[PDB]
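A quick write-up on the structure given underneath.
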Amino acid sequence: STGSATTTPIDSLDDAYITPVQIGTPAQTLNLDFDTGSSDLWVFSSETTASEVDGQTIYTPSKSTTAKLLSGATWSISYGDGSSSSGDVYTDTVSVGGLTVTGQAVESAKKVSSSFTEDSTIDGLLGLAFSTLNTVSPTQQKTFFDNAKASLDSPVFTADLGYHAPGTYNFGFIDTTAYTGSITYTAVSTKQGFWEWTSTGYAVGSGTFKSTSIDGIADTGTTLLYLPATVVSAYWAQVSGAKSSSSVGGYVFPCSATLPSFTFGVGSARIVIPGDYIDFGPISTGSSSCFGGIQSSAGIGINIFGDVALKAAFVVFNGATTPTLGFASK
(Lines of atoms letter the chains of each structure in order from A and count residues from 1; the text may use other names and numbers.)
(Lines give C-alpha, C1' and ligand atoms only; values in the text may rest on other atoms or scores of the structure.)
Protein backbone atom coordinates (compact mmCIF):
# COMPACT_ATOMS: atom_id res chain seq x y z
CA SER A 1 0.00 0.00 0.00
CA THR A 2 0.89 3.68 -0.22
CA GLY A 3 -0.59 7.00 0.79
CA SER A 4 -0.13 10.59 -0.34
CA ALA A 5 -1.53 13.73 1.28
CA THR A 6 -1.03 17.43 0.71
CA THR A 7 0.37 19.44 3.59
CA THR A 8 -0.43 23.15 3.83
CA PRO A 9 1.10 26.03 5.81
CA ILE A 10 -1.25 27.31 8.54
CA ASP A 11 -0.35 30.94 7.86
CA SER A 12 1.70 33.29 5.68
CA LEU A 13 4.90 32.60 7.67
CA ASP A 14 4.84 28.78 7.47
CA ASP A 15 4.55 28.64 11.29
CA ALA A 16 3.43 25.04 10.94
CA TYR A 17 1.88 22.69 8.39
CA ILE A 18 -1.45 20.85 8.49
CA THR A 19 -2.40 17.65 6.69
CA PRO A 20 -5.96 16.26 6.49
CA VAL A 21 -6.53 12.96 8.29
CA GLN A 22 -9.64 10.77 8.23
CA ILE A 23 -10.59 9.31 11.61
CA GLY A 24 -13.44 6.92 12.35
CA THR A 25 -16.49 5.59 10.56
CA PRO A 26 -18.00 7.53 8.91
CA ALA A 27 -14.84 9.55 8.42
CA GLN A 28 -14.24 12.63 10.54
CA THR A 29 -11.61 14.74 8.84
CA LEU A 30 -9.23 16.65 11.10
CA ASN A 31 -6.24 18.79 10.08
CA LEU A 32 -3.23 17.51 11.98
CA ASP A 33 0.33 18.66 12.48
CA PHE A 34 2.56 15.82 11.30
CA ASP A 35 5.42 15.88 13.76
CA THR A 36 8.56 13.78 13.27
CA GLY A 37 9.73 15.01 16.68
CA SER A 38 7.01 13.30 18.73
CA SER A 39 5.11 10.02 18.80
CA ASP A 40 1.53 10.67 19.89
CA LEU A 41 -1.47 11.03 17.60
CA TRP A 42 -3.82 13.26 19.58
CA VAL A 43 -6.88 15.26 18.66
CA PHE A 44 -9.20 17.94 19.89
CA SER A 45 -12.39 16.08 20.71
CA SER A 46 -15.85 16.10 22.19
CA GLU A 47 -14.09 15.43 25.51
CA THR A 48 -11.91 18.55 25.40
CA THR A 49 -12.72 21.13 28.08
CA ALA A 50 -15.14 23.48 26.29
CA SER A 51 -13.36 26.71 27.24
CA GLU A 52 -10.20 25.26 25.69
CA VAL A 53 -11.76 24.81 22.25
CA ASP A 54 -11.79 27.86 20.01
CA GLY A 55 -12.46 27.01 16.37
CA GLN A 56 -10.81 23.60 16.05
CA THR A 57 -12.56 20.67 14.44
CA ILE A 58 -13.21 17.96 17.01
CA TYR A 59 -13.24 14.18 16.91
CA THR A 60 -16.40 12.75 18.45
CA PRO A 61 -15.73 9.10 19.17
CA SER A 62 -19.34 8.34 20.10
CA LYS A 63 -20.27 9.04 16.46
CA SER A 64 -17.71 6.55 15.13
CA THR A 65 -18.92 2.96 14.83
CA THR A 66 -15.32 1.70 14.78
CA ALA A 67 -14.14 3.67 17.86
CA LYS A 68 -13.35 1.66 20.98
CA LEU A 69 -12.28 3.07 24.31
CA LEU A 70 -8.87 1.71 25.26
CA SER A 71 -9.63 0.72 28.84
CA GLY A 72 -7.58 2.41 31.51
CA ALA A 73 -5.30 4.22 29.06
CA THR A 74 -4.30 7.84 29.47
CA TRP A 75 -1.74 10.13 27.91
CA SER A 76 -0.01 13.36 28.77
CA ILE A 77 2.61 15.19 26.76
CA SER A 78 4.76 18.29 27.25
CA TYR A 79 6.56 19.73 24.23
CA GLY A 80 9.86 21.58 24.02
CA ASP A 81 8.06 24.90 23.55
CA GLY A 82 6.19 24.62 26.85
CA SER A 83 2.87 23.52 25.42
CA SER A 84 1.02 20.43 26.64
CA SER A 85 -2.09 18.30 26.38
CA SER A 86 -3.56 15.18 27.95
CA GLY A 87 -6.54 12.85 27.99
CA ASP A 88 -7.79 9.34 27.26
CA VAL A 89 -7.43 6.92 24.37
CA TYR A 90 -9.55 5.27 21.71
CA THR A 91 -8.59 2.90 18.95
CA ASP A 92 -10.13 3.69 15.59
CA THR A 93 -9.57 3.62 11.85
CA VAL A 94 -7.21 6.33 10.63
CA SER A 95 -6.46 7.10 6.97
CA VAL A 96 -3.93 9.45 5.43
CA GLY A 97 -4.08 10.17 1.73
CA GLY A 98 -5.58 6.77 0.93
CA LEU A 99 -3.49 4.73 3.38
CA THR A 100 -5.58 3.09 6.10
CA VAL A 101 -4.65 1.77 9.57
CA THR A 102 -7.27 -0.03 11.65
CA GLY A 103 -6.90 -0.05 15.43
CA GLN A 104 -4.76 3.08 15.54
CA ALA A 105 -4.50 4.68 18.97
CA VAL A 106 -6.26 8.04 18.73
CA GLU A 107 -5.49 10.04 21.83
CA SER A 108 -8.46 12.20 22.74
CA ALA A 109 -7.65 15.47 24.53
CA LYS A 110 -9.44 16.36 27.74
CA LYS A 111 -7.04 19.24 28.41
CA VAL A 112 -4.87 21.36 26.11
CA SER A 113 -2.61 24.29 26.92
CA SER A 114 -3.31 27.85 25.82
CA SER A 115 -1.13 27.82 22.70
CA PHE A 116 -3.20 24.95 21.26
CA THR A 117 -6.50 26.66 22.10
CA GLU A 118 -5.22 29.86 20.52
CA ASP A 119 -4.41 28.15 17.21
CA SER A 120 -7.72 27.37 15.53
CA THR A 121 -5.99 25.83 12.50
CA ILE A 122 -4.43 22.79 14.21
CA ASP A 123 -6.88 20.05 15.23
CA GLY A 124 -4.17 17.86 16.75
CA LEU A 125 -0.81 16.20 16.15
CA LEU A 126 0.23 13.06 14.31
CA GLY A 127 3.56 11.88 15.68
CA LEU A 128 6.11 10.28 13.35
CA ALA A 129 9.11 9.86 15.67
CA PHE A 130 9.84 6.44 17.14
CA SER A 131 7.13 4.72 19.15
CA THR A 132 9.44 4.55 22.20
CA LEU A 133 8.46 8.20 22.86
CA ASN A 134 4.71 7.50 22.91
CA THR A 135 3.20 8.73 26.18
CA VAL A 136 0.22 6.37 26.52
CA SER A 137 0.10 4.67 29.91
CA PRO A 138 0.10 1.98 31.12
CA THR A 139 0.48 0.39 27.68
CA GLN A 140 2.59 2.37 25.19
CA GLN A 141 1.00 2.67 21.75
CA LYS A 142 2.47 2.66 18.23
CA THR A 143 2.62 5.56 15.76
CA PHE A 144 0.61 5.60 12.57
CA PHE A 145 3.78 4.92 10.58
CA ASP A 146 4.77 2.04 12.84
CA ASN A 147 1.32 0.49 12.40
CA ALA A 148 1.32 0.99 8.61
CA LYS A 149 4.90 -0.03 7.98
CA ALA A 150 4.53 -3.73 7.21
CA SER A 151 1.74 -3.01 4.71
CA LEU A 152 3.64 -0.31 2.82
CA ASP A 153 5.31 -1.07 -0.51
CA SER A 154 8.52 0.23 1.11
CA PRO A 155 8.91 1.05 4.82
CA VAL A 156 9.39 4.79 4.33
CA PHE A 157 7.66 8.10 4.43
CA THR A 158 8.74 11.35 2.84
CA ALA A 159 8.33 14.98 3.76
CA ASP A 160 8.24 17.60 0.99
CA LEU A 161 7.33 20.83 2.72
CA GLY A 162 6.68 23.92 0.66
CA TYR A 163 7.93 27.47 1.14
CA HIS A 164 4.85 29.65 1.41
CA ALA A 165 3.09 26.91 -0.58
CA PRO A 166 1.59 23.44 -0.22
CA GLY A 167 3.71 20.30 -0.16
CA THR A 168 3.31 16.57 0.28
CA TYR A 169 3.67 13.72 2.74
CA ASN A 170 4.02 10.35 1.04
CA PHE A 171 3.92 6.94 2.72
CA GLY A 172 5.40 3.81 1.26
CA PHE A 173 7.14 5.15 -1.85
CA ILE A 174 9.67 7.67 -3.09
CA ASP A 175 8.41 10.04 -5.77
CA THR A 176 11.45 10.30 -8.00
CA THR A 177 9.93 13.32 -9.79
CA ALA A 178 9.80 15.36 -6.56
CA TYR A 179 13.51 16.14 -6.23
CA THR A 180 16.59 16.98 -8.27
CA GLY A 181 19.86 15.05 -8.31
CA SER A 182 20.21 12.12 -5.94
CA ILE A 183 19.11 11.37 -2.41
CA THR A 184 22.01 11.25 0.05
CA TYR A 185 21.37 8.93 2.97
CA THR A 186 22.89 9.39 6.38
CA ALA A 187 22.94 7.36 9.61
CA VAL A 188 20.29 7.72 12.32
CA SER A 189 20.44 7.12 16.03
CA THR A 190 17.14 6.13 17.58
CA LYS A 191 18.62 6.17 21.10
CA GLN A 192 16.61 9.26 22.11
CA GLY A 193 13.54 8.25 20.10
CA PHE A 194 14.14 10.87 17.40
CA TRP A 195 15.29 10.90 13.78
CA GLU A 196 18.69 11.96 15.03
CA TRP A 197 21.58 12.40 12.62
CA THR A 198 24.86 14.28 12.16
CA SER A 199 25.25 17.06 9.62
CA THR A 200 28.75 17.42 8.17
CA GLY A 201 28.85 21.21 8.42
CA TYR A 202 27.61 24.51 7.10
CA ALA A 203 28.14 27.62 5.03
CA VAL A 204 26.71 31.13 5.27
CA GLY A 205 25.75 32.70 1.97
CA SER A 206 28.55 32.35 -0.56
CA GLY A 207 31.09 31.72 2.20
CA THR A 208 33.37 28.73 2.53
CA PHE A 209 31.94 25.52 3.89
CA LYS A 210 32.98 24.71 7.46
CA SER A 211 33.40 20.98 8.04
CA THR A 212 32.11 20.24 11.52
CA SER A 213 29.81 17.60 12.98
CA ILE A 214 26.41 18.87 14.07
CA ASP A 215 24.22 16.31 15.80
CA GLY A 216 20.54 17.14 15.53
CA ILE A 217 17.02 15.91 14.83
CA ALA A 218 14.90 16.09 11.70
CA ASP A 219 11.74 17.58 13.19
CA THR A 220 8.80 18.59 11.02
CA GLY A 221 6.97 19.78 14.15
CA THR A 222 9.44 22.55 14.93
CA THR A 223 9.17 25.70 12.85
CA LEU A 224 12.73 27.00 12.97
CA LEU A 225 16.31 25.81 12.63
CA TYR A 226 18.06 25.56 16.01
CA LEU A 227 21.85 25.24 15.84
CA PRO A 228 24.86 25.78 18.13
CA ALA A 229 25.51 29.34 19.25
CA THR A 230 28.76 29.56 17.30
CA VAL A 231 27.02 28.64 14.03
CA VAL A 232 24.11 31.00 14.65
CA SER A 233 26.42 33.86 15.54
CA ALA A 234 28.35 33.31 12.30
CA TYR A 235 25.11 33.48 10.31
CA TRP A 236 23.65 36.64 11.85
CA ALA A 237 27.03 38.39 11.74
CA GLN A 238 26.42 38.60 7.99
CA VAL A 239 23.20 40.60 8.42
CA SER A 240 23.63 44.31 9.13
CA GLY A 241 21.76 45.30 12.26
CA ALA A 242 20.97 41.77 13.41
CA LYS A 243 21.23 41.13 17.12
CA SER A 244 20.22 38.65 19.76
CA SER A 245 17.38 40.13 21.76
CA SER A 246 16.79 38.76 25.27
CA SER A 247 13.40 40.48 25.45
CA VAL A 248 12.19 38.99 22.17
CA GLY A 249 13.83 35.62 22.81
CA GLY A 250 16.26 35.28 19.95
CA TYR A 251 17.92 36.87 16.96
CA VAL A 252 16.06 39.71 15.29
CA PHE A 253 17.04 41.68 12.21
CA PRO A 254 15.89 44.75 10.28
CA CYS A 255 12.90 43.84 8.13
CA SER A 256 14.58 45.83 5.32
CA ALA A 257 17.47 43.34 5.16
CA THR A 258 18.16 40.82 2.43
CA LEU A 259 19.11 37.63 4.21
CA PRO A 260 21.92 35.35 3.07
CA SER A 261 21.34 31.68 2.40
CA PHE A 262 22.39 28.95 4.80
CA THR A 263 23.85 25.65 3.61
CA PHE A 264 24.01 22.46 5.62
CA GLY A 265 25.91 19.28 4.89
CA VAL A 266 24.48 15.81 4.46
CA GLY A 267 27.51 13.63 3.91
CA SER A 268 29.30 15.15 0.90
CA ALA A 269 26.01 16.66 -0.27
CA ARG A 270 24.75 20.16 0.41
CA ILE A 271 21.28 21.55 1.08
CA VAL A 272 20.89 25.30 0.48
CA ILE A 273 18.24 27.20 2.47
CA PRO A 274 17.44 30.41 0.60
CA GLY A 275 17.69 33.58 2.67
CA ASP A 276 13.98 34.31 2.30
CA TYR A 277 13.16 31.05 4.17
CA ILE A 278 14.85 32.53 7.26
CA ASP A 279 12.53 35.59 7.51
CA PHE A 280 9.68 35.13 10.02
CA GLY A 281 8.38 38.65 9.77
CA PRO A 282 7.77 41.45 12.23
CA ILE A 283 8.20 40.60 15.91
CA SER A 284 4.88 42.34 16.55
CA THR A 285 2.34 43.77 14.16
CA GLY A 286 3.71 46.92 12.52
CA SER A 287 7.27 46.50 13.77
CA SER A 288 10.25 46.92 11.47
CA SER A 289 12.18 44.39 13.54
CA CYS A 290 11.84 40.88 12.12
CA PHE A 291 12.29 37.47 13.76
CA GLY A 292 15.05 35.20 12.53
CA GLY A 293 14.49 31.66 11.32
CA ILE A 294 17.85 30.42 12.58
CA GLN A 295 18.19 30.46 16.35
CA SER A 296 20.52 29.15 19.03
CA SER A 297 19.94 25.68 20.43
CA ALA A 298 21.87 26.56 23.57
CA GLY A 299 19.63 25.64 26.47
CA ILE A 300 17.40 23.42 24.33
CA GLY A 301 19.93 20.65 24.75
CA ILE A 302 19.62 19.44 21.19
CA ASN A 303 20.01 20.85 17.71
CA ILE A 304 16.82 20.84 15.66
CA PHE A 305 16.54 20.73 11.89
CA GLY A 306 13.02 22.11 11.83
CA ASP A 307 10.84 23.28 8.97
CA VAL A 308 13.23 26.09 7.93
CA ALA A 309 15.78 23.42 7.05
CA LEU A 310 13.48 20.58 5.97
CA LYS A 311 11.43 22.67 3.52
CA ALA A 312 14.63 23.27 1.48
CA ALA A 313 14.81 19.51 0.86
CA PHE A 314 13.01 16.37 -0.12
CA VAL A 315 13.40 14.27 3.03
CA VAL A 316 13.18 10.47 3.29
CA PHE A 317 12.41 8.98 6.67
CA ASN A 318 13.55 5.39 6.08
CA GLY A 319 12.10 2.99 8.62
CA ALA A 320 14.02 -0.06 7.48
CA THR A 321 15.34 -2.40 10.19
CA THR A 322 18.20 0.05 10.54
CA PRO A 323 16.59 3.45 10.02
CA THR A 324 18.28 6.16 7.96
CA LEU A 325 17.47 9.65 6.69
CA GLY A 326 17.74 10.80 3.10
CA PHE A 327 18.01 14.37 1.81
CA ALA A 328 17.78 15.67 -1.74
CA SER A 329 17.65 19.14 -3.22
CA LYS A 330 14.42 20.04 -5.03
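Residues displayed in chain A correspond, in order, to Swiss-Prot positions 90-419.
Placed from the backbone N, Cα and C atoms, the Cβ positions cover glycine too.
Among the features that Swiss-Prot reports, active site is placed at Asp124, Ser288. The disulfide bond feature in Swiss-Prot is assigned to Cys344-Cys379. Residues or ranges marked as domain 'Peptidase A1' in Swiss-Prot: 106-417.
Spacing of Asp124 (active site) relative to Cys379 (disulfide bond) is 26 Å (Cα to Cα, whole number). Candidate disulfide-bonded residues: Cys344, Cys379. Fewest other C-beta atoms within 10 angstroms, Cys344.
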